[PDB]
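Quick setup: the structure tokens below cover two forms of a single protein chain, split into structure 1 and structure 2.
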Structure 1
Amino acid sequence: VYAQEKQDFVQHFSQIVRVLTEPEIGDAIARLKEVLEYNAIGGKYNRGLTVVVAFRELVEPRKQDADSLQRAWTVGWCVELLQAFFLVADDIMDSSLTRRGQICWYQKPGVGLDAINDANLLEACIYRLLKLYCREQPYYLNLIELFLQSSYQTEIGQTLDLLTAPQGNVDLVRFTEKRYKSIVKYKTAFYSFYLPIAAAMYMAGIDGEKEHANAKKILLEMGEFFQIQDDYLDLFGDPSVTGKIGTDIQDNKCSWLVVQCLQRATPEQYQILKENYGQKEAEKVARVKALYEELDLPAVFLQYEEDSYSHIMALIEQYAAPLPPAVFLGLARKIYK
């Protein structure tokens, strides 16, 4: 229901790029186009697609005219651009090497820290598109405020991520479950699943407070799992599938893995972790990975995935209504594949 809506979502990028790219600022426009083409393309588009899919499912098909549907694709593309803005900056700050199957933008010869302003431009495009396509709609300001507030929450999460993961500075006692859950709520949960569903809600005239809170209850939990998965895949994923080289151990991250490791470790295993975590030497990173395997963390992850799936399902049963459960079911099929 996604799979049979992509290529058309993806096909529309060319039109997104064309309107954003319409004499003195020509060189700047040409660089924006480069930035958009390198950084908003090559991922799974599940976040932008979710706006489109949910919009079809929430709006009476008789309001689903040609212009309404165009606004849906645009707002979905807005969500993709929000992602792109954050990832460009996140790769700089995480010292990452590849993303989406190619070198990180900032690693490109001749880009480097210019990418900071490139990221800002991507953000700015969100609001340019919103004005261009949605300014006359009753939900215009709901959407603006949703994107801005989603960004604020994400940056507060990015702040906790980076605080709790200081370079050169082991301190494993920081890395707790309570801490972990807060980081990922803010850095991932809001802008990943709440944002795109909430956007389609607003566009559908569903603006109730209580209805947004109920959608949250499900979507924030989905987002938590998705970040736990992302952390597991950072060490245990195949870079040719994920499209990126993992950095969590060297970056001293409060990864779900290091939290689960800490819950399990013998005092002697503690010392091996502390001696080897947070450092750039492949040797030391390999030692951490072998401790994690010693501790059967891959099996612990597979069990958590099953229990989290059942949990999200429980939550859909409690909280979906009066929204079509398919809204939440489609999404959950996509993330727990």
Structure 2
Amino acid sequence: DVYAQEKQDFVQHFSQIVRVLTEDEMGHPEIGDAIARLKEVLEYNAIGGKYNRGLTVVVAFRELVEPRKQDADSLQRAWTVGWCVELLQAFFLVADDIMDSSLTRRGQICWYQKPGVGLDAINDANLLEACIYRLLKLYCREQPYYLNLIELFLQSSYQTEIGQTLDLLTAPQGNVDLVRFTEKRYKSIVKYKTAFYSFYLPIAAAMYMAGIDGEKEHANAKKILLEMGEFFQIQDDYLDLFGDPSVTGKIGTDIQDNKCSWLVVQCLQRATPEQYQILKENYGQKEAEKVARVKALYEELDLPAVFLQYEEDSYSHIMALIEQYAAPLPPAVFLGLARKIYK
């Protein structure tokens, strides 16, 4: 598949990305120690994930650009832009793990939790963000899409940041209020916090790199991609609890963390006043006896079945969206990504 092959060439490009970002140390020895710290921040935080978002840039680039315009340099730029998406992501996760007091991320200690890092990781996350624009300048300054990419990355950071504001406002630390766990609120969090950067940004970046800079073309791809983003997060919340940890590679803590999950939203929409109380008493607690009780309430309220129906309706929706909005982009741009997302 388009991804599994390219993954290697993508990951191998990282070494050049790091060398290039640590190359201003040559002209300015004075900042050497700061650059050594930047190298360490990059190596720790931009590696160890699945690289799918960054890879989507590359895969979409190959599918949107005529093979004769896919020269060595065009490709170096595609991998670089892909890495920029991963750096945007690395910046949000470093910051989010500080904010929600996370202990681990992808099985390793969160960067801020590392001995001698702590709150300095706030500056480290800012550096990761700075690196996107340094890379865009280094690789894409002379390209006609340069400003388009800068604005897309900045807008995507803004939307994610607004998404994080909404999330932090919906589920504060030390605040169990299920009144604000509405469908409308959930959909907005996913849209702003995850969907734009995860789904819209990668395709949109490849689209600009391909000279597809049309407002309607971007609006049409966004329409498709934000729906893909919404399904992806709904599926993630569902798998968090009801998924098998051996397949997902994660053990669900959404209930323990008072997360505004699709599962809680659906439970709240269905639950009788007595069931609302049962949830009020057990949602957000660390105890495995209370974690088992929320799960049993969801199973009682037939949420795995509500998810199954949601999955079917979602699949018809995304196909209706692809048919109506893909053109003039090859439907394979969206289908290849949907296949990776939908099961």
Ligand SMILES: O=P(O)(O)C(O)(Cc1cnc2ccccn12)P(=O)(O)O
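Along the sequence of structure 1, residues get numbers from 1 upward. Between two forms, the rigid core is defined as the largest C-alpha subset superposing within 1.5 Å.
It is structure 2 that shows the chain in the form deposited without the ligand. In a rigid core superposition between structure 1 and structure 2, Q229 is the single residue of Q137, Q229, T98, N142 whose Cα is displaced by 2 Å or more. Remark: with the core as the superposition reference, the CA shift of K63 between structure 1 and structure 2 stays below 2 Å.
Core-aligned CA deviation for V288 between structure 1 and structure 2: 2 Å or greater.
Superposition of the core reveals a Cα shift of less than 2 Å for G110 between structure 1 and structure 2. On rigid-core superposition between structure 1 and structure 2, the C-alpha of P239 is found to move 6.5 angstrom. Relative to the superposed rigid core, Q260 shifts its CA by 2.1 Å between structure 1 and structure 2. Superposing the two forms on their core, we find that the Cα atom of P322 is displaced by 1.2 Å between structure 1 and structure 2.
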